[PDB]
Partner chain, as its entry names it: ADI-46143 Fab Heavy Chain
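Next up: just one chain, as structure tokens, the form deposited without the partner chain.
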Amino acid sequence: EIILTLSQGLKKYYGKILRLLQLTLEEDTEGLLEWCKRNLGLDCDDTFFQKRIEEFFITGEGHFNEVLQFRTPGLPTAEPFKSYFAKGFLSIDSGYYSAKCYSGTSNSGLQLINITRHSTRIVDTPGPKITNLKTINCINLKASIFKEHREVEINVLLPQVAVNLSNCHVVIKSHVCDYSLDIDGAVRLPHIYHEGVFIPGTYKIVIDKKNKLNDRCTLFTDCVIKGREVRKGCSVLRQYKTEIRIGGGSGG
């Protein structure tokens, strides 16, 4: 048996949240349950963690503390996390991984989409298997090349459509959480469960081309395009698999 300190268990508490958000596939929660009883006076069950996530991102009202609890607005104290914040972000940092997550009270409107309702149903169609970064023309992707920031930004407008990294070190930015990705495959997105599955409605892939590990960074994704008119003022969505090279180019 080993007892965890305040900061030790808080990092494990954030590792639990990062895991439930499906930003990580691994966790270190050994000793978290006892830490929740000793420091929060409650059983931080999986139901409790869903409520913390659900409140912090969607339904939380008032000020929030470092452990995602909400409150409506001398002598030593045993109870921690009594300092709350009206709006802003929490550095959900487990030591092994971190994500800068914004409270739902910090957005003018809900920036999460209910993918249980808005799951995509797109029809494949003929299209170039290779797409040039300067000539991306997709409904789900808007690309900006900032030569002064030494950066490329890929605005993803349909997060339901996977964007797969290949030899990339990127930073994801959104109105939900900001975090770094360096592993091949589909971009991981924070998942909030609230009577359905919620993910960011939009996000941005920021690729530092100054970083030599991005020299061969490539995105594999479907390019969503507008099709034929089916109803009054609406067109059915189409998509084609394509490869977008980002890291390449020329110097000087």
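Positions refer to the first chain, counted from 1.
Below, we turn to the form solved in complex with the partner chain, even though it does not appear here.
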Pick from 95 to 103, 176 to 184, 145 to 153, 119 to 127: which stretch has non-hydrogen atoms within 4.5 Å of the partner chain in the entry with it bound?
-> 119 to 127
Evaluate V197 for contact with the partner chain in the entry with it bound, applying a 4.5 angstroms cut-off between non-hydrogen atoms, and reply yes or no.
-> no
Hey, in the entry with it bound, does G227 get a heavy atom within 4.5 angstroms of the partner chain?
-> yes
In the entry with it bound, does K16 have a heavy atom within 4.5 Å of the partner chain?
-> no
Using 4.5 Å between non-hydrogen atoms, is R238 touching the partner chain in the entry with it bound?
-> yes
